[PDB]
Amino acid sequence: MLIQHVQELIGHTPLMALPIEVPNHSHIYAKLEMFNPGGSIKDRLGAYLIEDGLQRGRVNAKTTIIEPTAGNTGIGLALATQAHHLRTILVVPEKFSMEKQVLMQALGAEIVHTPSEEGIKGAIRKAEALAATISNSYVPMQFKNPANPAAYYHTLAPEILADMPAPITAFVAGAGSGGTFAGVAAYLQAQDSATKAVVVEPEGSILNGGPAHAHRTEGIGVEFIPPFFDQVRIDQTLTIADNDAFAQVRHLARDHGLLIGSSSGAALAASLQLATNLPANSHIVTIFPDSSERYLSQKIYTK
């Protein structure tokens, strides 16, 4: 309990056996990643992306770290770069996640804005363009960098097995970049090929041949199929309505004091659904990426 840097608090997050009603007398466990010092699972990503960059000789003491982000990655990365005294520029769409931007700046990151209408795609393009005007720079590029899934494969995944009281029937996680799901699933399946890996997507994702539109659930959603899915035997993709996600957000807070983000609600709603189609007395593990407190300005507990 005596620490010297907030970095010591990254990882080793609680695995909570949810005291809720589950179909077929089964059980759902969730990794509470909001307890990371940065408030999200991305604290793990940032640290590893920088370590990987340093290990691959792509980063040096005076290097400028440049990364396109729509949320939590900016915070997690800023935490790690500040630990390494690395200059940081984060490219984020104009009005995306206000609270996250304040945090990104409070941690020392300098922000450059790209048009909201262009989304992450625009941010990615400007990040690359800016990298071209700065000789000593590095773009982690979270959406294509294999170090992304690798970050959870060697940390989060093993932590799950160390706390589980039984074999994992199925792993369930939402996909934004797909790093979390792909990294953990690969490790879990490598340990027990029997473990089912199920990916979750919000309203309006193309991962399940659905229509491409804007969703309420913040954090997840895929434009193009993540390249990381190669190392996983995806047994099923579930699509969750915002209605269900936010209902879970409201229910978990009201009944159990769990303040989870909308993507957490989506992961729980998906886990509950999977429970109805798996053998009884099954053990399902999911991940709660961040808190709801980071979305209070978005009336997350309303309607």
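Numbers for residues come from their place in the sequence shown, where the first is 1.
Enquirer: Mean Cα B factor from the PDB record: higher for 208-216, or higher for 149-157?
Expert: That would be 208-216.
Enquirer: Do the C-alpha atoms of 232-240 or of 44-52 have the higher average B factor in the entry?
Expert: So the stretch with the higher mean C-alpha B-factor is 232-240.
Enquirer: Out of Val222, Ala83, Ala109, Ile134, which shows the largest CA B-factor listed in the entry?
Expert: Highest CA B-factor of the listed options: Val222.
Enquirer: By the record's CA B-factor, is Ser264 among the lowest, middle or highest third of residues in the chain?
Expert: According to the entry, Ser264 has a C-alpha B-factor in the chain's middle third.
Enquirer: Ranking the modelled residues of this chain by C-alpha B-factor as given in the entry, is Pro167 in the lowest, middle or highest third?
Expert: Middle third by C-alpha B-factor.
Enquirer: For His12, return the chain-relative third of its C-alpha B-factor as stated in the PDB record: lowest, middle or highest.
Expert: It belongs to the lowest third of the chain when residues are ordered by C-alpha B-factor.
Enquirer: For the chain shown, is the CA B-factor of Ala247 in the lowest, middle or highest third of its modelled residues?
Expert: According to the entry, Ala247 has a C-alpha B-factor in the chain's middle third.
Enquirer: Which third, lowest, middle or highest, does the C-alpha temperature factor of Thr114 belong to within its own chain?
Expert: It belongs to the highest third of the chain when residues are ordered by C-alpha B-factor.
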